[PDB]
Amino acid sequence: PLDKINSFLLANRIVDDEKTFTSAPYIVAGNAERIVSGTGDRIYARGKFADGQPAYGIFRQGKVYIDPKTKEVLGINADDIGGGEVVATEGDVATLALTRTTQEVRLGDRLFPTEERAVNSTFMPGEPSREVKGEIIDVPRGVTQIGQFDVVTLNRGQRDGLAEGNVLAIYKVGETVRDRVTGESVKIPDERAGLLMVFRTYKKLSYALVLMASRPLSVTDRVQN
Amino acid sequence: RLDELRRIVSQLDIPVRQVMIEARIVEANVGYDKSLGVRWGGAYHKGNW
């Protein structure tokens, strides 16, 4: 059980509040050691973040567009470095060392403050509430039908239900066409083996490491139970 | 000997551990090139650079 949690923990880079630092990005740059990633290497960056918080989380911006009438994207902040620490340089720039977590940090990337969140392996048994039902979108993978497990972003109405219920089963809705009668195609949900483990960041969507029991489901599919 | 071999069998019949290896290649190319050609040509008095 702990190892499954460890895999998710390896996948736990996506955080909320893309809008905040879209409004105030901490700008990284530097050719003294011209890298787009490093472990303990020196990058420089401009912003008060140099003056303030020594650590920080490097996040690339994804967008989760739900509530089409409200047409809101609550984005995805993919955490690039595992961690980093700073030295202060004049000019409001900083020189930081980088503990890297598999994600290259674009030399011209956006930096955000460090926000440590505690995750436990106590989620492993599951918290299954069926009422929660919603679609899935915006996987970092971007690939439809991803299987075995993956970090998925459940939708917003689905997100509030998620606030109620952590665990749900997989459904892939497939359209069946009445080719020889009408040509009309009716989408039919197909319950798929495999369930999601969901960790919810309220005020954002739910970051869920879903374990797929064989069934490969499209980027958009019905998570329900 | 049968029992000892059985224990060896128990040790040997162990699931081989698969690992997912993800090696990613990142290529970044930044190019800035500026060229200025300045020309002053007059054939009227034969002065042209």
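For the protein sequence lines, the chains are A and B, in the order given. Under UniProt numbering, the first residue of the first sequence is numbered 116, with each subsequent residue one higher. Under UniProt numbering, the first residue of the second sequence is numbered 432, with each subsequent residue one higher. All C-beta atoms, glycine included, are put in the ideal place defined by N, C-alpha and C.
Please look up how many angstroms separate the CB atoms of residue i and residue j, rounded, as I've assumed it's under 8 Å.
i       : j       : result
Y317(A) : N127(A) : So it is not a contact: roughly 16 Å between Cβ atoms.
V201(A) : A165(A) : 6 Å
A212(A) : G162(A) : The Cβ separation is near 17 Å, so there is no contact.
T259(A) : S333(A) : 4 Å
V338(A) : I251(A) : 5 Å
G289(A) : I303(A) : 6 Å
Beta-carbon of residue i versus every beta-carbon of chain C: anything under 7 Å?
i       : result
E148(A) : Of the chains in the structure shown, none is chain C; the protein chains are A and B.
Taking 7 Å as the cut-off, decide whether the C-beta atoms of residue i and residue j are in contact.
i              : j       : result
residue 95(A)  : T268(A) : Chain A is shown from 116 up to 340; residue 95(A) falls before or after that span and cannot be answered.
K287(A)        : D305(A) : yes
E242(A)        : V301(A) : no
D207(A)        : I173(A) : no
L324(A)        : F136(A) : no
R330(A)        : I285(A) : yes
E230(A)        : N192(A) : no
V247(A)        : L222(A) : no
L320(A)        : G309(A) : no
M239(A)        : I129(A) : no
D182(A)        : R271(A) : yes
residue 100(A) : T210(A) : Limits of chain A in this structure are 116 at one end and 340 at the other, which puts residue 100(A) out of reach.
Below 7 Å on C-beta distance, what does residue i contact in chain A?
i       : result
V440(B) : Residues of chain A passing the Cβ test: none, with the nearest at roughly 26 Å.
So residue i contacts chain A; which residues on that side make the cut at Cβ distance below 8 Å?
i       : result
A454(B) : Correct list: empty, because the minimum Cβ distance to chain A is about 10 Å.
Going along chain B in order, which residues have a C-beta closer than 7 Å to the C-beta of residue i?
i       : result
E219(A) : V457
* Can you give, in chain order, each stretch of the alpha helix (DSSP H) that sits fully within the region 155 to 187 of chain A and has at least 4 residues? -> The region 155 to 187 of chain A contains these whole alpha helix (DSSP H) runs: 163 to 166.
* Please list the residues of the region 128 to 157 of chain A that have a C-beta atom closer than 8 Å to any C-beta atom in chain B, keeping them in chain order. => Only those residues of the region 128 to 157 of chain A whose C-beta falls short of 8 Å from the nearest C-beta of chain B are listed: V151 and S152.
* At which residue ranges does the region 248 to 287 of chain A contain complete alpha helix (DSSP H) runs of 4 or more residues, listed in the order of the chain? -> Whole alpha helix (DSSP H) segments, 4+ residues: 271 to 279.
* Asked: According to a CB-to-CB cut-off of less than 8 Å, which residues of the region 455 to 473 of chain B neighbour chain A?
  -> When C-beta distances to chain A are compared with 8 Å, the residues of the region 455 to 473 of chain B below that value are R455, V457 and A459, in chain order.
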